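One letter stands for each residue in the lines below.
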Amino acid sequence: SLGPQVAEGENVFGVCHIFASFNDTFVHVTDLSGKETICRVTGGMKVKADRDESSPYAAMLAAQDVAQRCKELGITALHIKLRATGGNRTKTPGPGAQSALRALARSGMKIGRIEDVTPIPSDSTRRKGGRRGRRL
RNA sequence: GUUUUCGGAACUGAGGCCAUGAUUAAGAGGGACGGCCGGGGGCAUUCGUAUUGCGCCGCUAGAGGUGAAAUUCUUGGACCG
C-alpha cells in the first residue's frame, strides 16, 4: 500500500475495461498489460433488483466504488477501453457506459486515451434464433 | 455377183468460235484476327477476425436470460481481463 512514486510531478497509469451490454455492465480495472487486475465490480454489486442491473445508476455506483478503491490503493490515471457484447449479437454499447465514464471522470480520476475495443466478426457463425427471428 | 450413190444410231482425237462459263458479301447467320472486360466455371493454394473447448495466471460473488422470472453455471473459483 506504500510505494516510492512521485505524486505532484507525474502520474500512474492503468487501463479500465468498461464492458456494457443490455443485460449487465462490467467496470473492470487492470494494470497497463491487462494481465493483473486491480478491482472488479459489476452492476449486480450495487442493486439487488434483477429488473435494472444494467441501469445507469448501478453503473454509476459501481464506478464510484471502483474509483474509491483505486484512490485508496494509489492509481491516478486511467486509459478507457470500451466494449459492447460483440460477436454476432450486437455492436452498440449498453446503457451503463455513458454513466460509468461520467462517474469515473467526476471522481477526480484523470483520463488518458479512450478507445472502443469490441470483438468485430468477419462473418462468423449463425446468430441464435430462427430464420424468421424472435417474434414477440 | 464382189462393193458402191441406193444410208437408220452409241463411243473416242485435233483445232477454232462463246462478251468462253461463278450477281452480292443483307444494320441475315457461322467462323478467323486484335485490345480488353466480368462476385461466369472447375482444380490447387493462402489469409482474416469471430464461435466453441482446453492449458496457465490474477482478484472477486455472482454470471446468464427476460416485459417480469425460473430452469442453467457457480468459493471444487462461475463471469471478466
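For this deposition, the record names cryo-EM as the technique by which the model was determined and cites 3.6 Å as its resolution.

The name the PDB entry assigns to chain A is uS11, from the organism Oryctolagus cuniculus. For this entry, the PDB record gives the title as "Structure of the wt IRES eIF2-containing 48S initiation complex, closed conformation. Structure 12(wt)". In its Subunit (literature references left out) section, UniProt records this for chain A: "Component of the small ribosomal subunit. Part of the small subunit (SSU) processome, composed of more than 70 proteins and the RNA chaperone small nucleolar RNA (snoRNA) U3 (By similarity)." Recorded under Sequence similarities, the UniProt text for chain A is reproduced unchanged: "Belongs to the universal ribosomal protein uS11 family."

Quick look at the overall build of chain A now. Scanning chain A for helices and strands turns up two helices and six strands. Along the longest, intermediate and shortest principal axes, the C-alpha atoms of chain A span 60 × 35 × 20 Å. By residue count, 32% of the 136 residues in chain A fall in the buried class. Here the analysis covers contacts within chain A between residues at least 6 apart in sequence; of these, 69% occur between residues at least 24 apart. Of the roughly 9,600 Å² of accessible surface on chain A, 51% is carried by carbon and sulfur atoms. Averaging the locations of the 22 positively and 13 negatively charged side chains of chain A gives two centres separated by 11 Å.

About the cut-offs
- Residues numbered from 1 in each chain as written, not as in the entry; some residues may be left out.
- Chains lettered and ligands numbered in written order.
- Part of a larger assembly, values for the part shown.
- Heavy atoms only, no water.
- UniProt positions renumbered as here; feature names shortened; annotations may be inferred.
- Helix = DSSP H or I, 4+ residues; strand = E, 2+ residues; numbered from the N terminus.
- Buried < 20%, exposed > 50% of the residue type's maximum accessible area, 1.4 Å probe, protein only.
- Contact = heavy atoms within 4.5 Å.
- Areas by Shrake-Rupley, 256 points an atom, 1.4 Å probe, with all protein chains shown as cover.
- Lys, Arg positive; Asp, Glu negative; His and termini not counted.
- Charge placed at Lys NZ, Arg CZ, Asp CG, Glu CD.

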